[PDB]
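We've got the same protein chain twice here, in two forms, each standing alone as structure tokens: structure 1 and structure 2.
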Structure 1
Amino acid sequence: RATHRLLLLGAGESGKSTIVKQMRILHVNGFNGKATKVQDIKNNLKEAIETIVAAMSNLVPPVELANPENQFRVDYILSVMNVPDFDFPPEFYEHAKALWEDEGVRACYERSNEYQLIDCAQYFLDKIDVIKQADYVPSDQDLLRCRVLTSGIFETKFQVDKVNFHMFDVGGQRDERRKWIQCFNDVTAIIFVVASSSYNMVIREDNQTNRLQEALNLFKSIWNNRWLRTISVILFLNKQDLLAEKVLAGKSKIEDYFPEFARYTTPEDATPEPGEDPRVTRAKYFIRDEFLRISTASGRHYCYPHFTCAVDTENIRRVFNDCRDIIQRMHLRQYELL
């Protein structure tokens, strides 16, 4: 029984832990046996509404409540923002929902790329009344949307067609500088995950570096590290659903953040899905080609790009089936010449 160690890399919030959770759904017991719980969904709900409310005053220009009657709801939300051991009483759900229906709050949500907001904000805020029920058991999709910070390595071990896989994410791990290279030991392939839709956002670590440029810089560092030169990279251009939504909305144009997009044309090898808007096709291949330029500019490793939606179990099932074929057939490239 061959075992393949698969190392998930990528910037924070690109989708690495979601891929692990998807592997567990597909090939282990899902969220059934430190898994994401109801409480994490309530915490995300609270973090979303309190982040949006607090951001209203700080934007330039600032955003006001559309309904000044909701001011006491704002006072409540900000007052419990950092409360340890929040009990989520019924008035919290009342104020959160009523604030989510305030046009000023939504206008602030629409400008979320100007601050730091978790991805699942609208998804959870739109089902406040479902979540607050005492009988509420979260669906797998609820648990996939729930952003939970990993402490330590986040991993899954599973067997498919008599082939063992060990997929692990080191996003929540820290190590001594000279020992970090050891995390790549005996790795069959790196799975590099990119939040394609985050081209208009900046990273939390400094609130200045553009998120996509951060992903390109990370990918460049891995790709050109001579001690990793024999490890092939499977590239997950993730959050395709959020990329399509953002492009079709025209609020943040890609060329406003990556000016060469204005001169980019969709390649002729492109396989746009039927019905895909041409702007979305050009965007997603541009982002792909931003990484492919790095991997072509400089060994015994290749890059295999994939368009993915990490919260879509069926999408990841398909993509991972392609990866297993890529993974089980990577050894064949060792026998090729030139």
Structure 2
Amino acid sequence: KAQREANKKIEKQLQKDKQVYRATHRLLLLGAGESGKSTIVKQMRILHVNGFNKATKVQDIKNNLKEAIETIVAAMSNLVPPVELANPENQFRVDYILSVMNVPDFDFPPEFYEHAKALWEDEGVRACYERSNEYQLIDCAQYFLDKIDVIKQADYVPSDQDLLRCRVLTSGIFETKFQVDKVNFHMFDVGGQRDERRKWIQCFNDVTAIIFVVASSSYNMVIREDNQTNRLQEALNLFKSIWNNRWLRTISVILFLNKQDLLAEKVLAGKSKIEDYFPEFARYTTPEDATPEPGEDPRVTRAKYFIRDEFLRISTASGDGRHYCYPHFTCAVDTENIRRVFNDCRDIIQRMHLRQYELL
């Protein structure tokens, strides 16, 4: 008697578990390396779980800080033409920083912060930083190098922005579950460098939607994997691969044209011309229905819409009735931007999942 009763209790439990799964939106974050996928996940935690509640991440921030200064300083003599210190008295600091580049488990002594700060204030170091698209530099370099004095304090506690800016590699598949207004979301974060893309197929089962993230600002950079392929070209080629992939033909794509702040900054700097990398930009005109933010520099508007339209040219070329691409301009480190963008996705995501039920 109690045997059949335990049994269909398990079975009522099983049926509830099936309905939870069916109604949970599985969101797969795809995009090339450093496009911003893990930062989007961190924002979902800030907005909808408990964020980072931090002391675990202090070493990661210090490692980013160290990677940034040592990368810039190492690049100075390797650029063509090389970049010289503005104050050649700083050479002994260059020597120190380069000498500790590959020490595992670095102990971050006070001289490290002293030398890093002095070098970061050197106009030559800064001129090398301004050429960083000629080498490989983490995006958070300026943010952390500007607060060396904060990070080095013994009582340093990272802010939420520090944790968002912190770059770590994503080796493997990382899941994050969260609930917004009793709707359940299940986000899958994966690495986006080329070798990590072999893992992506493991997540294609029962996907509700893809969030495809692009570093819009990286149009003048090349990928780490071969130090030759343009990063935006790689993003486009990768998006075409996803849009047309055998397993993902039914799956709609929310396209996050991310790093809008860095793109704005690169446009305003005026050094790196998009048409030097994408010659067709010279003939591109901002669309009639563009909606620039008040005061946005029209050069920025034209840039960001050109990049959007390079992706939409791919997504409009196939799939017309079977899946759709929803573009959004994003700044993944801006919590209020991601709050607004994600809220504007919740209705379309619910609709994607409902249509999936009729197809099954």
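Rigid core: the largest C-alpha set superposing within 1.5 Å between the two forms. FYI, numbering is relative to structure 1, first residue = 1.
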query: Residue from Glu260, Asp126, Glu176, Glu91 whose Cα, after superposing the rigid core, lies 2 Å or more away between structures 1 and 2; finding: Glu176
query: Once the two forms are fitted on their core, CA shift of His331 between structures 1 and 2 in Å; finding: 4.6
query: Per-residue C-alpha deviation between structures 1 and 2 [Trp227; rigid core superposition; Å]; finding: 2.4
